[PDB]
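Asker: Coordinates in upload-v7.cif, mmCIF, C-alpha atoms, are listed below.
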data_target
loop_
_atom_site.label_atom_id
_atom_site.label_comp_id
_atom_site.auth_asym_id
_atom_site.auth_seq_id
_atom_site.Cartn_x
_atom_site.Cartn_y
_atom_site.Cartn_z
CA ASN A 1 78.93 120.88 75.94
CA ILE A 2 78.32 119.68 79.50
CA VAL A 3 76.66 122.37 81.62
CA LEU A 4 78.17 121.86 85.09
CA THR A 5 75.27 122.90 87.32
CA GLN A 6 76.92 124.41 90.40
CA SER A 7 74.76 124.96 93.48
CA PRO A 8 74.04 127.39 95.01
CA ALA A 9 74.13 130.49 92.79
CA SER A 10 74.65 133.09 95.53
CA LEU A 11 74.52 132.97 99.33
CA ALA A 12 75.79 135.43 101.94
CA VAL A 13 77.47 133.55 104.80
CA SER A 14 79.00 134.72 108.07
CA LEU A 15 82.16 133.87 109.97
CA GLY A 16 82.46 130.50 111.69
CA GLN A 17 79.90 128.75 109.47
CA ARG A 18 80.18 125.91 106.94
CA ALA A 19 79.39 126.63 103.29
CA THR A 20 78.41 123.87 100.86
CA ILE A 21 79.55 124.32 97.24
CA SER A 22 78.38 121.39 95.09
CA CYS A 23 79.62 120.70 91.56
CA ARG A 24 77.59 118.41 89.29
CA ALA A 25 79.56 116.58 86.61
CA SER A 26 79.69 113.22 84.83
CA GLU A 27 83.01 113.14 82.96
CA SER A 28 85.54 111.91 83.57
CA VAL A 29 86.86 109.26 85.97
CA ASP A 30 90.18 107.46 86.61
CA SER A 31 92.77 109.82 85.12
CA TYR A 32 95.79 108.03 86.58
CA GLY A 33 94.90 107.23 90.20
CA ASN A 34 91.92 109.43 91.05
CA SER A 35 88.73 110.93 89.62
CA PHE A 36 88.62 114.47 91.03
CA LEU A 37 88.57 117.88 89.34
CA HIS A 38 90.27 121.22 89.94
CA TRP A 39 88.96 123.96 92.23
CA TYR A 40 89.48 127.70 91.80
CA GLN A 41 88.59 130.99 93.48
CA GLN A 42 87.80 133.91 91.16
CA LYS A 43 87.59 137.34 92.79
CA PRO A 44 85.75 140.17 90.98
CA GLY A 45 88.62 142.60 91.56
CA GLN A 46 91.64 140.28 91.67
CA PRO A 47 93.09 137.60 89.35
CA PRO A 48 92.17 134.09 90.52
CA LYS A 49 94.36 131.43 92.10
CA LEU A 50 94.44 127.63 92.19
CA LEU A 51 93.19 126.26 95.51
CA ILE A 52 94.06 122.56 95.10
CA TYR A 53 94.63 120.41 92.00
CA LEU A 54 93.04 116.91 91.84
CA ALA A 55 91.82 117.21 95.50
CA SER A 56 94.57 114.88 96.80
CA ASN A 57 97.89 116.76 96.51
CA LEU A 58 99.59 119.52 98.48
CA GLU A 59 99.96 123.07 97.15
CA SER A 60 101.02 126.30 98.85
CA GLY A 61 99.13 129.59 98.72
CA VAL A 62 95.74 128.19 99.79
CA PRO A 63 94.25 128.71 103.27
CA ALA A 64 93.57 125.63 105.38
CA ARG A 65 89.79 126.21 105.39
CA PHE A 66 89.41 124.83 101.84
CA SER A 67 88.90 121.06 102.02
CA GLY A 68 86.38 118.37 101.18
CA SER A 69 85.75 115.25 99.15
CA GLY A 70 83.30 113.90 96.59
CA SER A 71 82.13 110.94 94.57
CA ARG A 72 83.23 109.86 91.09
CA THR A 73 80.69 112.19 89.45
CA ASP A 74 79.61 114.85 91.98
CA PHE A 75 81.94 116.91 94.16
CA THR A 76 81.56 119.16 97.20
CA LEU A 77 83.70 122.13 98.26
CA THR A 78 83.52 122.72 102.02
CA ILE A 79 84.64 126.03 103.56
CA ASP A 80 85.06 125.49 107.30
CA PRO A 81 85.61 127.82 109.06
CA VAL A 82 84.54 130.75 106.87
CA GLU A 83 87.08 133.59 107.07
CA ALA A 84 86.99 137.12 105.68
CA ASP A 85 88.53 136.23 102.31
CA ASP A 86 85.61 134.41 100.65
CA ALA A 87 84.08 137.32 98.69
CA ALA A 88 84.61 135.52 95.39
CA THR A 89 83.09 133.08 92.92
CA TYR A 90 84.07 129.40 92.90
CA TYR A 91 84.15 127.05 89.91
CA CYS A 92 85.07 123.47 89.04
CA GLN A 93 87.27 122.72 86.02
CA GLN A 94 86.70 119.64 83.86
CA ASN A 95 90.21 118.44 83.01
CA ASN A 96 89.66 115.30 80.92
CA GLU A 97 86.86 115.84 78.39
CA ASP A 98 86.85 118.31 75.48
CA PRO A 99 85.37 120.92 75.76
CA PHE A 100 86.74 121.82 79.21
CA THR A 101 83.58 123.45 80.54
CA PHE A 102 83.20 125.07 83.97
CA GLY A 103 80.57 125.43 86.66
CA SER A 104 77.86 128.06 86.99
CA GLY A 105 79.48 129.75 89.99
CA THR A 106 78.72 130.31 93.68
CA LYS A 107 79.00 134.01 94.57
CA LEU A 108 79.61 134.02 98.32
CA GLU A 109 79.43 137.16 100.46
CA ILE A 110 81.05 137.80 103.84
CA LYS A 111 78.92 138.81 106.83
CA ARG A 112 81.78 140.14 108.93
CA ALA A 113 81.66 142.57 111.86
CA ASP A 114 80.48 146.16 111.52
CA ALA A 115 82.96 148.80 110.38
CA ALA A 116 82.81 152.60 110.13
CA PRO A 117 83.65 154.36 106.85
CA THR A 118 86.69 156.57 106.47
CA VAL A 119 86.10 160.25 107.17
CA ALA B 1 83.64 140.40 81.55
CA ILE B 2 87.15 140.72 82.98
CA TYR B 3 89.14 138.21 80.92
CA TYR B 4 92.26 136.53 82.29
CA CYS B 5 95.04 134.38 80.86
CA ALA B 6 96.64 131.29 82.37
CA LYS B 7 99.26 128.69 81.46
CA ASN B 8 98.96 124.92 81.65
CA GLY B 9 100.32 123.23 84.76
CA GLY B 10 101.63 119.77 85.51
CA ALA B 11 98.32 118.08 86.33
CA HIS B 12 96.41 119.90 83.53
CA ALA B 13 95.40 122.88 85.67
CA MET B 14 95.72 126.68 85.61
CA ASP B 15 98.52 127.27 88.10
CA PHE B 16 100.11 130.41 86.62
CA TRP B 17 98.16 133.68 86.72
CA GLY B 18 98.94 137.31 85.97
CA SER C 1 117.93 112.47 98.43
CA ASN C 2 115.73 115.57 98.72
CA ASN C 3 118.57 117.82 97.49
CA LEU C 4 119.53 115.39 94.70
CA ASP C 5 116.44 114.00 92.92
CA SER C 6 113.49 116.16 93.99
CA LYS C 7 112.78 119.58 92.50
CA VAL C 8 110.35 122.48 92.72
CA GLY C 9 106.81 121.24 92.13
CA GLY C 10 107.40 117.56 92.92
CA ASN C 11 109.21 114.69 91.21
CA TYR C 12 106.68 112.26 89.72
CA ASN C 13 109.17 110.23 87.65
CA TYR C 14 109.36 107.25 90.05
CA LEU C 15 106.36 104.91 89.88
CA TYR C 16 105.47 101.35 90.87
CA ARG C 17 103.44 98.51 89.35
CA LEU C 18 100.25 97.26 91.01
CA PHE C 19 100.15 93.82 89.37
CA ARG C 20 102.27 91.94 86.84
CA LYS C 21 101.03 89.33 84.38
CA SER C 22 104.28 87.36 84.14
CA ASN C 23 106.46 86.05 86.96
CA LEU C 24 109.82 87.50 87.99
CA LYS C 25 113.10 85.58 88.06
CA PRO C 26 115.98 86.30 90.47
CA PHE C 27 118.55 88.76 89.03
CA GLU C 28 116.25 89.90 86.22
CA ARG C 29 115.54 93.44 85.03
CA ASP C 30 112.19 94.49 83.56
CA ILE C 31 112.62 95.25 79.86
CA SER C 32 109.51 97.49 79.87
CA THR C 33 111.32 100.75 80.62
CA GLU C 34 109.46 103.10 78.25
CA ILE C 35 106.89 105.41 79.83
CA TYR C 36 103.62 104.76 78.00
CA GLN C 37 100.71 107.16 77.65
CA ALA C 38 96.97 106.72 78.13
CA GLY C 39 96.22 107.24 74.43
CA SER C 40 98.32 107.05 71.27
CA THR C 41 100.14 110.41 71.20
CA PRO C 42 103.15 110.58 73.55
CA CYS C 43 103.58 113.54 75.88
CA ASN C 44 107.39 113.33 76.41
CA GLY C 45 107.58 114.55 79.99
CA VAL C 46 104.70 116.11 81.92
CA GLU C 47 101.13 114.84 81.68
CA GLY C 48 98.24 116.53 79.90
CA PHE C 49 95.33 115.85 77.50
CA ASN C 50 94.96 112.12 78.33
CA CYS C 51 98.52 110.77 78.37
CA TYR C 52 98.55 109.50 81.94
CA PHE C 53 100.58 106.53 83.17
CA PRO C 54 98.32 103.68 84.40
CA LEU C 55 100.98 102.85 86.99
CA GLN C 56 100.67 104.61 90.35
CA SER C 57 103.16 107.36 91.17
CA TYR C 58 104.87 108.27 94.43
CA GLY C 59 104.57 111.53 96.32
CA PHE C 60 108.06 113.08 96.23
CA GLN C 61 107.73 116.70 97.38
CA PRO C 62 110.51 118.94 98.76
CA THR C 63 108.19 120.16 101.55
CA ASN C 64 107.03 116.66 102.50
CA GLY C 65 107.59 114.80 105.75
CA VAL C 66 110.63 112.75 106.71
CA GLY C 67 108.74 109.51 106.00
CA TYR C 68 107.63 110.49 102.48
CA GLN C 69 110.70 112.16 100.93
CA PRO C 70 112.50 110.28 98.12
CA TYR C 71 115.18 108.01 99.58
CA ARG C 72 117.79 106.42 97.32
CA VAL C 73 117.93 102.76 98.41
CA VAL C 74 120.81 100.56 97.24
CA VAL C 75 120.49 96.88 98.17
CA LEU C 76 123.88 95.20 98.66
CA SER C 77 123.30 91.64 97.47
CA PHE C 78 125.80 88.85 98.10
CA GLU C 79 126.35 85.56 96.29
CA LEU C 80 128.95 82.80 96.07
CA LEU C 81 130.01 80.81 93.00
CA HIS C 82 132.73 78.34 92.00
CA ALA C 83 135.06 81.31 91.38
CA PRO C 84 137.06 82.58 94.38
CA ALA C 85 136.06 85.67 96.31
CA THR C 86 137.04 89.07 94.92
CA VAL C 87 135.08 91.78 96.79
CA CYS C 88 135.55 92.20 100.54
CA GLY C 89 135.73 95.08 102.99
CA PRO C 90 136.52 96.87 105.13
CA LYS C 91 139.76 95.69 106.76
CA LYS C 92 141.59 98.37 108.74
CA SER C 93 144.26 99.12 108.68
CA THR C 94 147.88 98.00 108.33
CA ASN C 95 148.67 95.02 110.57
CA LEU C 96 151.25 92.28 110.03
CA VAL C 97 152.20 89.17 112.01
#
The structure in this file should be written as structure tokens.

Answerer:
Amino acid sequence: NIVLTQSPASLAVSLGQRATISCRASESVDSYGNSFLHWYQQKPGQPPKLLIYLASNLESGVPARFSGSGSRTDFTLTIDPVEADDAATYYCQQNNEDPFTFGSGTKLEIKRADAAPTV
Amino acid sequence: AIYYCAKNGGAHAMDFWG
Amino acid sequence: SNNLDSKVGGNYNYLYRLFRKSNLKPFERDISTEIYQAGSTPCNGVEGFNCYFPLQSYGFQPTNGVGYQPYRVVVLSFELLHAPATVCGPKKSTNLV
């Protein structure tokens, strides 16, 4: 049981900024040609979707703001620029070692423009 | 919590969602 | 060959070898044609739960660029022996003198 300490826990960001989502892990490395993990986006009122698998291959359905890199053990998810679709929790999936544990989660909030309620 | 189900993908990931 | 070999999701069946222990002879085929796994249990197709190929794979996607799509390359080799020539072409069309 590897507790993937994901930092930060919760942070409200605004539009046009750069959020730093770090995933701490140790296992594993060198699957077939790389040593990266999977990234996801879990919304509290919507089923999640896969952003990018193995951090080196193309996949449709993801916005272009999700990118980044990382080392063999630690990884970093960079959201730049922050749009108004980041009100969700992000995790990292261990894909090589049993049990396939996950991160702690970074609950990001959107500081968008002001809006009036419906009357 | 709100549980979800997913199928295994090609590169050992959760590609399919409901 | 994007409409012939590639499919939805990417075709990762074509790979290449980084380094070979033995030396290669001219007109010799590699007998190691079986796709091995990372562990002991074979996967028989797609990868998962530590059955990866140690050889490096190519990126063959249907939405890829024109310089990265799978291209079927056929090398037309030529040789000459003590036997007379048999294969020749083309020679158009129907002349006689």

Asker: Taking all atoms listed in the file into account, produce a table as a tab-separated table in which each residue of chain A with an atom at most 12 Å from an atom of chain C appears once, together with its shortest atom pair and the distance in Å to one decimal, ordered by chain and rising number.

Answerer:
residue	atom	partner	partner_atom	distance
A:28	CA	C:50	CA	10.8
A:29	CA	C:50	CA	11.5
A:30	CA	C:54	CA	9.2
A:31	CA	C:52	CA	6.6
A:32	CA	C:54	CA	5.5
A:33	CA	C:56	CA	6.3
A:34	CA	C:56	CA	10.0
A:56	CA	C:59	CA	10.6
A:57	CA	C:59	CA	8.5
A:58	CA	C:61	CA	8.7
A:59	CA	C:9	CA	8.7
A:60	CA	C:63	CA	9.8
A:94	CA	C:49	CA	11.4
A:95	CA	C:49	CA	8.0
A:96	CA	C:49	CA	6.6
A:97	CA	C:49	CA	8.5
A:98	CA	C:49	CA	9.1
A:99	CA	C:49	CA	11.3
A:100	CA	C:49	CA	10.6

Asker: Can you check which residues of chain B have any atom within 8 Å of chain C? Use only C-alpha atoms and format it as JSON, numbers by chain.

Answerer: {"B": [10, 11, 12]}

Asker: Set the cut-off to 10 Å and count all atoms listed in the file: what are the residues of chain A that reach chain B? Output as a tab-separated table (two decimals) with C-alpha atoms, in the coordinates of the input.

Answerer:
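Dumped everything to selection09.tsv:
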chain	number	residue	atom	x	y	z
A	37	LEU	CA	88.57	117.88	89.34
A	38	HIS	CA	90.27	121.22	89.94
A	39	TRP	CA	88.96	123.96	92.23
A	40	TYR	CA	89.48	127.70	91.80
A	44	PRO	CA	85.75	140.17	90.98
A	45	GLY	CA	88.62	142.60	91.56
A	46	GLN	CA	91.64	140.28	91.67
A	47	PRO	CA	93.09	137.60	89.35
A	48	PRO	CA	92.17	134.09	90.52
A	49	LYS	CA	94.36	131.43	92.10
A	50	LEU	CA	94.44	127.63	92.19
A	51	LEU	CA	93.19	126.26	95.51
A	52	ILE	CA	94.06	122.56	95.10
A	53	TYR	CA	94.63	120.41	92.00
A	54	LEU	CA	93.04	116.91	91.84
A	93	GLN	CA	87.27	122.72	86.02
A	94	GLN	CA	86.70	119.64	83.86
A	95	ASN	CA	90.21	118.44	83.01
A	96	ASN	CA	89.66	115.30	80.92

Asker: Could you check which of C:27, C:19, C:81, C:2 is closest to residue C:65, using only C-alpha atoms?

Answerer: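 For residue C:65, the nearest of the candidates is C:2.
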
Asker: Could you please determine the separation between atom CA of residue C:84 and atom CA of residue C:29 in Å, to one decimal place?

Answerer: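 About the pair atom CA of residue C:84 and atom CA of residue C:29: they are 25.9 Å apart.
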
Asker: Might you pull out every residue within 10 Å of residue A:105, with only C-alpha atoms counted and same-chain residues fewer than 4 positions away left off, and present them as a ChimeraX atom specification?

Answerer: /A:4-10,21-23,41-42,88-92

Asker: Go ahead and compute the interatomic distance for atom CA of residue A:2 and atom CA of residue A:80, in Å to one decimal.

Answerer: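 Atom CA of residue A:80 lies at a distance of 29.2 Å from atom CA of residue A:2.
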
Asker: Any idea what the distance is between atom CA of residue A:36 and atom CA of residue A:110?

Answerer: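 Value for the atom CA of residue A:36-atom CA of residue A:110 distance: 27.7 Å.
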
Asker: Name all residues at most 9 Å from residue A:111 (count all atoms listed in the file; drop same-chain ones fewer than 5 positions away) and give them as a list in words.

Answerer: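 Final neighbour list, sorted by chain and number: residues 12, 13, 14, 15 and 84 of chain A.
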
Asker: So, counting all atoms listed in the file, which residue among A:108, A:81, A:1, A:11 is closest to residue A:65?

Answerer: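 Among A:108, A:81, A:1, A:11, it is A:81 that comes nearest to residue A:65.
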
Asker: With distances taken over all atoms listed in the file, which residue among A:115, A:107, A:16, A:35 lies nearest residue A:73?

Answerer: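 Selected residue with least distance to residue A:73: A:35.
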
Asker: Taking only C-alpha atoms into account, name the residue in A:77, A:82, A:43, A:62 that is nearest to residue A:17.

Answerer: A:82

Asker: List, as a PyMOL selection string, every residue that the PyMOL selection byres ((chain C and resi 70) around 9) selects in the file provided.

Answerer: chain C and resi 1-2+5-6+11+58-62+67-69+71-72
